[PDB]
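Below: the structure, in C-alpha cells.
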Amino acid sequence: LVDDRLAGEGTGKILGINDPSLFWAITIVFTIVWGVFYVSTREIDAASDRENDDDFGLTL
Amino acid sequence: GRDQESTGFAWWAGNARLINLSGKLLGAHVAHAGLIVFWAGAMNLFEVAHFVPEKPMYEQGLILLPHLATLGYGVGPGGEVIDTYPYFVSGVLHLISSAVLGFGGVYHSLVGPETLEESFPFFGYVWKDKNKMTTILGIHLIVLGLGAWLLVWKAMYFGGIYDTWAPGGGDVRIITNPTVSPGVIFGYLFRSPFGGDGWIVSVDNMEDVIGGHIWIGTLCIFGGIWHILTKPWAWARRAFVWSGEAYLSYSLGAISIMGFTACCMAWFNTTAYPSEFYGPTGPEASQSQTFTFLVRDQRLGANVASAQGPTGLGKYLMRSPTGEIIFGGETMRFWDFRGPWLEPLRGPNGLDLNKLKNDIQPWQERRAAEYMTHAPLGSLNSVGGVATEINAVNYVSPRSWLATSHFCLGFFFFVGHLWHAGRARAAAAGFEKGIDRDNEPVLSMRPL
Amino acid sequence: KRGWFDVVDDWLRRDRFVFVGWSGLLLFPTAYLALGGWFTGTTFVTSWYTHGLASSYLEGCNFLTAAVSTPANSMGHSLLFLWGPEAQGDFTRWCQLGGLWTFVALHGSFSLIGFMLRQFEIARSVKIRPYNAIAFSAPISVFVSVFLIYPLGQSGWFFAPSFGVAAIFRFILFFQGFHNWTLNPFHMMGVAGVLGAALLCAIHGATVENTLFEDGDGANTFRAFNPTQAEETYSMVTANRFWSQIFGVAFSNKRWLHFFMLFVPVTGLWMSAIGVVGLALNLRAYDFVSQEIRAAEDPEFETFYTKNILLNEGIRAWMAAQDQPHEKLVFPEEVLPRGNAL
Amino acid sequence: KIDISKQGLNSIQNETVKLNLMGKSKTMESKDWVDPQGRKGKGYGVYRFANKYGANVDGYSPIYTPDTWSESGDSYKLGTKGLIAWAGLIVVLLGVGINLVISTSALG
Amino acid sequence: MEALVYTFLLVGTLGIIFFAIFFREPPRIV
Amino acid sequence: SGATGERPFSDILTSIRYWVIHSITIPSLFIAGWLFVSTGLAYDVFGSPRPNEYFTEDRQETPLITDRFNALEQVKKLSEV
Amino acid sequence: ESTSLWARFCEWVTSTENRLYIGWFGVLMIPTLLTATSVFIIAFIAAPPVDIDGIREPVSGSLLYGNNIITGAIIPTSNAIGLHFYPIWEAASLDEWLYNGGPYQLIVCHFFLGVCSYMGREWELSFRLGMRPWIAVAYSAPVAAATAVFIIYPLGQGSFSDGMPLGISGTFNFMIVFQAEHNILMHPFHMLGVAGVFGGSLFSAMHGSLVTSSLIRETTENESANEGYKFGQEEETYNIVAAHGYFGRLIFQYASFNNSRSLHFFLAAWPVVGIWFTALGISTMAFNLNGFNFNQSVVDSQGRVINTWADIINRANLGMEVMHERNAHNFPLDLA
Ligand SMILES: CCCCCCCCCCCCCCCCCC(=O)OC[C@H](CO[C@@H]1O[C@H](CO[C@H]2O[C@H](CO)[C@H](O)[C@H](O)[C@H]2O)[C@H](O)[C@H](O)[C@H]1O)OC(=O)CCCCCCCCCCCCCCCCC
Ligand code: CLA
Ligand code: CLA
Ligand code: CLA
Ligand SMILES: CCCCCCCCCCCCCCCC(=O)OC[C@H](CO[C@@H]1O[C@H](CS(=O)(=O)O)[C@@H](O)[C@H](O)[C@H]1O)OC(=O)CCCCCCCCCCCCCCC
Ligand SMILES: CC1=C(/C=C/C(C)=C/C=C/C(C)=C/C=C/C=C(C)/C=C/C=C(C)/C=C/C2=C(C)CCCC2(C)C)C(C)(C)CCC1
Ligand SMILES: CC1=C(/C=C/C(C)=C/C=C/C(C)=C\C=C/C=C(C)/C=C/C=C(C)/C=C/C2=C(C)CCCC2(C)C)C(C)(C)CCC1
Ligand SMILES: CC1=C(/C=C/C(C)=C\C=C\C(C)=C\C=C\C=C(C)\C=C\C=C(C)\C=C\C2=C(C)CCCC2(C)C)C(C)(C)CCC1
Ligand code: OEX
Ligand SMILES: [Cl-]
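Here the protein sequences line up with chains w, c, d, p1, t, e and a, keeping their order.
Just so we're on the same page, the entry's author numbering is the position in the first sequence counted from 1, plus 59.
Just so we're on the same page, the entry's author numbering is the position in the second sequence counted from 1, plus 12.
Just so we're on the same page, the entry's author numbering is the position in the third sequence counted from 1, plus 10.
Just so we're on the same page, the entry's author numbering is the position in the fourth sequence counted from 1, plus 3.
Take the fifth sequence: its position 21, counted from the start at 1, is 21 in the entry's author numbering, and no numbers get skipped.
Just so we're on the same page, the entry's author numbering is the position in the sixth sequence counted from 1, plus 1.
Just so we're on the same page, the entry's author numbering is the position in the seventh sequence counted from 1, plus 8.
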C-alpha cells in the first residue's frame with residue numbers, strides 16, 4: 060500500500076470501537092459524569108420539598 | 013357519551029374524554045384492534061382474489077402475501093408460488109377474529125362499565141399508579157415475548173422459514189442452529205446506521221434473524237417478569253411524567269423509531285424481505301443493470317475487465333474505495349449490496365473475474381434481467397419507470413409503497429411524540445390551558 | 011328629494027350578505043366572466059389549433075393538465091376580440107383561435123382592479139385604514155408583470171402563461187431553461203419574501219397559541235375569548251422573552267410585528283415583478299461571464315453554476331420543437347445535446 | 004354587554020347543545036369540577052370574563068340561531084297534495100331523464 | 001479582489017448579527 | 002353578530018319546500034349538462050375535435066396557424082373534416 | 009441552597025436568567041451547531057475542489073477557488089463514498105478528506121443533531137417559562153424539510169452526493185435534477201407545499217394588513233403608529249371587531265375569524281401542515297415514488313397520441329435528464 064489509515068469504515072464495529080482506547084474514553088467520561096450526578100441526587104430532589112417515595116414524580 | 017359542556021374537550025378532541033374512563037378506554041383500544049385485524053383479513057382476501065400466477069408477487073401490488081410467503085407458506089424453490097390456500101385461511105382467520113374483537117370493543121365501549129376500578133380491581137388502574145402501570149407493562153411485555161417465540165418455533169419446528177440464501181437455491185428451510193452468540197447480537201445493535209454497517213437492517217441470514225428473535229423473546233419474558241415483580245425506582249420516578257398522556261407519548265416516540273426502521277428494512281433488506289416476493293431493492297436493480305450489460309457485452313465480444321469508461325474508471329468493473337472489485341458506473345454507491353444471485357460470483361476480494369467470465373449461470377442472468385426492469389422507480393399513479401417514462405407499464409414496487417408509507421407514518425408519529433409529550437408535561441405542571449394572568453412567571457423573572 | 015347618485019349610492023352600498031358597492035359594477039361582471047372563461051375553456055375549449063395539444067376535460071385532460079391556452083404566435087399581441095379582424099364574430103372559431111385566453115386575461119385583469127377598488131370602498135365605509143388594498147397591490151403587480159407585461163415584450167401572447175396547472179408548470183420550466191430565472195436576484199428576493207412570510211405566518215400563529223392567557227377552565231382554549239374584550243388574549247411579555255432567549259431577537263412592539271407580516275410578503279412579490287419586467291426584454295441574469303470565460307480556458311474548472319448552464323442547454327433543445335411549433339424546428343437526433351448513456 | 008337570551012339561541016331542543024352554542028357550561032362553573040384528564044378547574048366557566056362582557060365568542064356571534072328562522076319554513080304549505088304531486092313528477096322526470104341518457108348515448 | 005470583497009460582506013453581515021443580539025435595545029416594561 | 006335581513010341558509014336547507022324544488026332543479030341541470038356532451042353539442046359549440054378527427058386524410062401532423070388576418074379562413078381549413 | 013457541583017451546574021444550565029437559554033438540548037445544540045458553523049465558514053471560503061460524482065472530476069465551490077457568493081457551495085460527499093460514514097479519522101490525510109467531500113458529511117451530521125436539539129430547546133424554554141408547548145411542533149415542519157433534503161433523500165437514493173449542496177447555485181441544481189428524475193411539480197405534495205407557502209404568504213399579508221388597518225388612534229401624524237403600542241400593555245392595540253367588520257364585508261360575514269384564538273391557530277396550522285406534506289414529498293420521492301405521470305395519456309381513436317401540457321413538461325424533463333451528470337452514466341437506465 061501507499062499510506063496508512065484506520066480502515067474501520069464500513070466494518071460494523073460495536074460503537075465504532077476499532078481499538079480499546081475508545082472504550083476507555085467513553086467509559087471513563089460516563090463514569091465521571093455519573094459520579095458527580097450520583098453524589099448530587101439527594102440535593103436535586105430535596106428542592107422538591109418532597110421525599111422520592113413511590114408517590115414522588117410529576118404526575119397528573 | 014359526553015359533551016364539551018361537562019368535559020371541556022371539543023368533539024375534534026373527543027377521544028380525550030376517555031383518559032380517566034378505564035372501561036370505555038378499554039373498549040376503544042379493543043375496537044381499534046378489531047379494525048387492525050379486520051384490515052389484515054380483508055386485504056389478505058382481496059390480494060388472494062386479485063392474484064394471478066402469470067406474474068410475480070411484486071408486480072401485482074401485494075404487500076401482505078409477501079409476508080406470508082417469507083413465513084414459508086405456499087411457496088416452493090426459487091420463490092415460485094405453488095399454492096394460495098394458506099393465504100386464504102390466514103385471511104379468513106383474521107376476518108372472523110375481527111368480528112369477535114369488534115363485539116368486545118363495541119360492548120366494552122357502550123354497554124360495559126365506564127370505569128373498571130370499582131368492579132374489577134384486577135383490571136382497574138389509575139395512571140399515577142406506577143406499580144399497577146408496570147404490571148400492565150410487564151404482562152403485555154410477556155405476550156410480546158411469546159409472540160417472538162412463535163416466530164422461532166415456526167422457523168425451527170413448524171415447517172420452517174423461507175431462506176433466500178439457502179444452498180441449492182432459495183426455499184423454505186428449517187432453521188436448526190440459530191445464531192445466539194452475544195457478540196453477533198450486540199454487533200447488529202451497536203453498529204452504525206451508515207453505509208456498509210446499516211445497523212440492524214444488515215442482518216443477512218435467517219440464522220441471525222431467528223437467533224435474534226430468541227433474544228427478544230427471552231428479554232421480553234424476563235423483562236415482563238421483572239416489570240411485574242418490581243416498581244419504578246427513585247431515579248425513574250424523578251425522570252418521567254406519570255400520566256396517561258405521558259405514557260402515550262412514550263409509545264409514540266418508540267413507535268416512531270419502528271416506523272423509520274421498517275421503512276429502511278423494506279428498502280434495503282433482502283433477507284427478511286426476499287426479492288422473490290418484494291421485488292428488487294434500489295441497490296439490487298442498479299447492480300443488476302451493470303451485470304446485465306456486462307453479460308451481453310461479453311457475448312458481443314469485450315474484455316469487460318479492461319473496458320474503460322468515458323471517465324477513465326472501469327465501465328463494467330472497478331475498485332471500491334477500500335479495494336474490493338465492484339460493478340462500475342453510478343452503481344459504485346451500491347457496492348455494499350449483497351444478493352442471493354450475485355454472491356455466488358463474489359470471492360473474498362470482491363467480484364471474481366474468472367467467475368464473471370466463464371461461470372455465470374443462466375438463472376443468475378434471468379434473475380438480474382428481471383430485477384433491472386422492475387426497479388423500484390415508479391409514479392404516484394403507478395406508471396413504472398423514471399419520471400420521463402410513458403404510460404406503458406402499470407407497476408410500483410412493494411418496497412416503494414412500504415418504504416414511503418411507513419416513513420410518512422413514522423414521521424407523523426414523531427410529531428405525535430412532540431405533541432402528546434409537550435402537553436403531558438404542561439398538563440402535569442398545570443399550564444396547558446394558558447398562562448395565569450394573576451402570576452405570570454416571566455413578570456417575576458428579572459429583566460433580561 | 012334625493013339625486014340619482016344618492017339613490018344608487020344607497021342601494022349599491024347597502025349592508026347585505028354580499029356587499030356590492032360601486033366597485034362591484036366593475037368587479038362582479040368582469041370577475042364572473044374571468045371565472046366563467048376559465049371553467050368553460052378548461053372543460054370544452056381545445057388547444058389543438060393554437061398549440062397542438064389537448065387541454066380540455068372533453069379531450070381527456072385531468073384538472074392537472076387542462077388549461078386555457080394562449081393564442082398562436084402568429085397572432086402576435088392581438089387582443090383577439092370576438093369582433094376582431096382575426097375571428098370576426100365566429101364564436102366557435104374564436105375559441106379555437108385562443109381568443110378565450112385574452113378574454114380571461116383582460117376581463118380578469120379588470121376584476122383585479124375592481125377588487126382593489128372594493129377594498130378601498132369597504133375600508134372607507136367601515137372607516138378603517140386602507141392597508142389591505144395596499145397589500146393586494148403585490149398580487150396585482152405579479153399578475154400584470156407576468157400575464158401582461160412579459161408577453162408584451164416577447165413575440166406575442168403565445169409565451170404568456172396559459173391558465174392551467176400543468177400549463178403554469180411548463181411556464182415555470184420554460185423560465186429556467188431559457189431565462190435562468192433561478193439565478194435572477196429578483197426571484198431570489200421574491201423567494202425570500204414568500205418563504206419569509208410563510209415563516210412569519212407559522213411563528214406568529216404558534217407563538218400566540220402558546221402564550222395564551224388562561225381565560226377559562228376548559229382544555230378547549232378557543233372558547234375562552236370574546237372579540238370585544240379589552241384584555242389581550244396572549245402574553246406579549248412572555249412571547250418576547252421566549253424568542254429573546256431562543257432566537258436572540260424578539261418583537262417588543264406588537265404594531266411593528268404586524269406591519270412586518272405585511273411588508274415581507276408584499277416587498278417580495280414586488281421585487282419578483284421587477285425581475286419579470288426584465289425578462290420581458292430578455293434582460294436576464296443568465297450567466298456569470300467571469301466563470302464562463304474561465305471555464306472556456308481550462309477544462310478543469312467546474313462549479314454548480316456551470317452544471318446548471320448545461321442543464322439549461324438540455325431544456326432549450328429538447329423542449330423547443332414542441333413548445334414552439336411556429337419555429338418549425340426539425341432538430342435531428344444527433345444535434346441534440348446529451349451526455350453519456352443516460 | 005351581551006344578553007344571551009336575545010342572541011336567537013332560545014329554541015334549541017337539546018339543552019347541552021343550547022349551552023354549547025351559548026358558550027356556557029354549568030358543570031365547568033363549579034370549583035369542584037375535574038377535567039377528564041384530572042385537572043381541577045380554577046372556578047371560571049368556559050370564559051372568565053363572561054360576566055364582564057355577557058358571553059364568549061359563541062354567545063357574541065352564533066352561527067346557528069333557530070329563533071330568527073322563518074315560521075313558514077317549519078311546514079310545507081302545499082301539504083300532501085303538493086307532496087304527492089312532487090313524488091309523481093320525480094318518477095316521470097326520472098324515466099324521461101333515463102330515456103334521454105340512453106337515447107343520446109353510443110350504447111350498444 | 002472579489003474573494004476579499006465577498007468575505008468582508010459575509011463577515012460584515014455576521015458582525016451585525018452579533019451586535020443586534022447582544023448590543024440590542026433592551027425591551028423595558030412601561 | 003347580527004344578520005343582514007336575509008333568511009338563514011340553515012332555515013332554507015332544512016325546509017321541505019327547498020328540497021321539493023331543488024330535488025328537480027339540481028338533477029335537471031345535471032341532465033342538461035349530460036345531454037350537452039352526450040348529444041355532441043359541446044363539440045360543435047366550442048370546436049373541440051372529437052377523438053376521431055384530430056388528424057385528417059390531408060394533415061397527419063399537428064395544425065399550425067400562420068396568418069393572423071386570415072386566421073378565420075386558415076382555422077376552418079385545419080378544422081375541416 | 010445548591011452546593012453540589014452538579015446541582016449548581018444543573019441550575020446554571022436550566023437557568024432562565026441567561027441571555028440565551030442553554031438547556032439540556034442546548035448542551036447538544038451549541039457544540040453541534042458551532043462545529044457545523046465553523047466548518048461551513050472555513051469550507052465555504054477556502055476548501056479544495058470536491059469530486060462529487062466519483063468520476064474523478066472535482067467540482068469547485070469555495071470563494072478562494074474562483075466562486076462568488078451565488079455559485080459558492082459546499083460540495084456533497086463523493087459518489088464513491090455513497091452512504092458510508094466518512095469522518096476525518098477514516099481518511100489517510102485531510103487532503104484526501106477534503107478531496108472526497110468530507111466537510112459535507114461533517115456539516116450535515118452535526119447540523120441534523122443541531123436542529124433536532126434546537127427543536128427540543130424550544131420546548132424546554134416553554135416549560136421553564138410556563139408557556140404552552142407546540143412551538144416546537146410548528147418548528148418540526150422546517151426540521152422535517154431539512155432532514156428530507158440532507159438525510160432522507162441521500163438515504164433513499166443511496167449516496168450523500170444526492171443531498172442538497174450547501175450553496176445557492178448548488179440548491180438550484182438539486183431542484184432541477186429533482187424535477188427531471190421525480191417530476192416533483194406534478195407530485196401532489198409539492199402542490200400542498202406550494203399552497204402552504206402561497207397561502208402562508210397570503211395569510212401573513214392579510215393578517216398584517218387587517219391588524220395595521222384597525223390600529224386604535226394613539227399617536228399623531230408626525231410619529232410612527234408603532235409608538236402607540238407600549239411594551240407590556242394590558243389593552244389591545246387594534247380593534248378586532250373593526251377588522252372583522254371589514255373582512256366580513258370584503259367577501260362575506262362567515263368567511264372571517266371573529267375569534268382571535270381560532271385565527272392564529274389557522275395562521276399556524278396552514279403553513280405547518282403544508283410544509284409537513286412537502287417534506288413528506290421529498291421523503292417519498294427518495295424511495296422513487298414519483299409524481300403523477302400523464303405522458304401519452306390522451307390518445308385519439310386510431311391510436312395516435314395527442315400531447316398535453318404534461319407532455320411538454322416531459323420534454324423539459326428529458327432535457328434535464330440527459331444533461332445532468334454527463335460523464336457519470338455508462339448504462340441507459342438511471343436507476344441510481
Ligand atoms: C424531523 C423528524 C426527522 C426524522 C429523521 C428520520 C430519519 C429516518 C432514519 C433514521 C432515524 C430513525 C431512527 C433509526 C431508524 C433506523 C435507521 C436505520 O436502520 O439505519 C440504517 C438504514 C439502512 O442502512 C443500510 O443498510 C443496508 C444493509 O443492507 C445489506 O444487508 C441487507 C440484508 O441482507 C441486504 O443484503 C443488502 O444487499 C446489504 O447491502 C446497507 O448496509 C446500506 O449500506 C446501509 O446504508 O438507513 C440508513 O442508512 C441511515 C443512515 C444513517 C442516518 C442518516 C444520517 C443521520 C446522521 C445523524 C448524525 C450522525 C450520526 C449519529 C446517528 C446515529 C447515532 C446513533
Ligand atoms: C378507532 C376509532 C374510534 C373508536 C374505537 C372510538 C371509541 C369511542 N369514542 Mg370516539 N371518535 C373518533 C374515533 C373513535 N372513537 C373520531 C375519529 C372522532 C372525531 C369525530 C371521535 C370523537 C369522539 C367524541 C366526541 C366522543 C367519542 C367517544 C367515544 C367512546 C364512547 C362512544 C359512545 O359511547 O357514544 C355512542 C356512539 C354510538 C352509539 C354510535 C353507534 C355506532 C356503533 C358504536 C358502531 C358499530 C358499527 C359496527 C359495524 C358494528 C360492529 C358490531 C359487531 C358485533 C360486528 C368510545 C370508547 C365519546 C366519549 O368520550 O365517551 C365519554 C365522545 O364524547 N369519540
Ligand atoms: C416495551 C418494553 C419496556 C418498557 C416500556 C420498559 C419501561 C421501563 N423500564 Mg424496562 N425492561 C424491559 C422492557 C421495557 N421496559 C426488558 C425487556 C427488560 C429486560 C432486559 C427490562 C429491564 C429493566 C430494568 C432492569 C429496569 C427497567 C426499568 C424501566 C423503567 C425505567 C425506564 C428507563 O429509564 O429506561 C430508559 C433506558 C435507559 C436509561 C438506558 C438506555 C439503554 C437502552 C436500552 C439503549 C441500549 C440499546 C441496546 C440494544 C440495549 C442492550 C441490551 C441487551 C440486553 C440487548 C420504565 C418504566 C428500570 C426500573 O424502573 O426498574 C423497575 C430498571 O432498572 N427495565
Ligand atoms: C364591468 C363590465 C365589463 C368590462 C369592464 C369589460 C371589459 C372588456 N371586455 Mg367585456 N363583457 C361584459 C362586461 C365587461 N367587459 C359583459 C357583461 C359581457 C357579456 C356577457 C361581455 C362580453 C365580452 C366579450 C365577448 C368580449 C369582451 C371583451 C372585453 C375587453 C375589450 C373589449 C371592449 O371592451 O370593447 C371596446 C371598448 C370599449 C367599448 C370601451 C368604450 C366605452 C365607452 C365609454 C362607451 C361610450 C358609449 C358611446 C357614447 C356610444 C353610446 C351608445 C348608446 C349608449 C347610445 C375589455 C377589457 C373582449 C375580449 O375579451 O377581448 C378578448 C371580447 O371579445 N367582453
Ligand atoms: C462582531 C465583531 C465585530 C464585527 C464588526 C462588523 C461591522 C458591523 C457590525 C458593527 C457595526 C454596527 C454596530 C452598531 C452599534 C450600535 O448601534 O450600538 C451602540 C453600542 C451599544 O452599546 C451601548 O452600551 C451602553 C453602555 S455604556 O453607556 O457604554 O456604558 C448601553 O446603553 C447600550 O448597550 C448601548 O447604548 O455602543 C457601543 O458601546 C458599541 C461600540 C461601538 C460600535 C463598534 C463597531 C465596531 C466593532 C468592531 C469592528 C472591528 C471588528 C474586528 C474586531 C477584531
Ligand atoms: C366504539 C365506537 C366506534 C368504532 C367502533 C368499531 C371500530 C367497531 C369495529 C367493529 C368490527 C371490527 C367489526 C368486524 C366485523 C367482521 C365480520 C362481521 C366478518 C364477517 C365474515 C363473513 C361475513 C364471511 C366472509 C367470507 C369467508 C367465510 C371466506 C371468503 C368469502 C367471504 C369474504 C364471504 C366509532 C368510531 C363508530 C364511534 C362510536 C364508538
Ligand atoms: C430480533 C432480531 C435482532 C435484535 C434483537 C434485540 C436484542 C433488539 C433489542 C434492542 C434493545 C434492547 C433496545 C433498543 C432501543 C432502546 C432505546 C431506543 C432506549 C430508549 C430510552 C431512552 C431514549 C431514554 C429516555 C429517558 C432516560 C431515562 C434518560 C434521560 C432522558 C429520558 C428521561 C427521556 C437482531 C438485530 C439480532 C436480528 C434480527 C431480529
Ligand atoms: C366565457 C364565455 C361566456 C361566459 C361563461 C360564464 C359567464 C360562466 C360559466 C361559469 C361557471 C361557474 C362554470 C363553473 C363550473 C364549475 C365546476 C366545473 C366545478 C368544479 C368543482 C369541483 C370539481 C369540486 C371539487 C372539490 C374541491 C375544490 C374540494 C374537495 C371536494 C371536491 C373534490 C369535490 C360568455 C357567454 C360570457 C361569452 C364569452 C365566452
Ligand atoms: O448522483 Mn446526483 O443524480 Ca440520483 O439519479 Mn443516479 O445518482 Mn446521480 O444520476 Mn440521476
Ligand atoms: Cl451507470
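C-beta atoms are modelled at their ideal positions from N, C-alpha and C, and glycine is treated no differently.
Residue i burial status per 10 Å Cβ neighbour count (16 or more: buried)
i	result
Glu382 (chain c)	buried
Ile269 (chain c)	exposed
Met1 (chain t)	exposed
Residue-level contact to chain w via CB, residue i, 8 Å cutoff
i	result
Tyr94 (chain a)	yes
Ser217 (chain a)	no
is_contact[residue i, chain d] using C-beta, thresh 8 Å
i	result
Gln16 (chain c)	yes
For residue i, the nearest candidate out of the options (CA to CA)
i	options	result
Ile267 (chain c)	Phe58 (chain c), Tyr97 (chain c), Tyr85 (chain c), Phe419 (chain c)	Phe419 (chain c)
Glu74 (chain p1)	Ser39 (chain e), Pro52 (chain e), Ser80 (chain e), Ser16 (chain e)	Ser16 (chain e)
Any non-hydrogen atom of ligand 10 closer than 7 Å to residue i Cβ
i	result
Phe58 (chain c)	no
Neighbour flag for residue i against chain c, beta carbons, 8 Å
i	result
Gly124 (chain d)	no
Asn77 (chain w)	no
Min CB distance residue i to chain a below 8 Å
i	result
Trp266 (chain d)	yes
Below-8 Å beta-carbon distance, residue i vs any chain p1 residue
i	result
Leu79 (chain e)	no
Cβ-heavy atom distance, residue i to ligand 7, below 7 Å
i	result
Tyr200 (chain c)	yes
Residue i Cβ short of 7 Å to ligand 2 heavy atom set
i	result
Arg233 (chain d)	no
Item to check | Members of the region 72-99 of chain a that neighbour chain t once the beta carbon cut-off is set at 7 Å | outcome: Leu72, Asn76, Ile77
Checklist entry - Using a beta-carbon distance cut-off of less than 8 Å, what residues from the region 142-157 of chain c approach chain a? => result none
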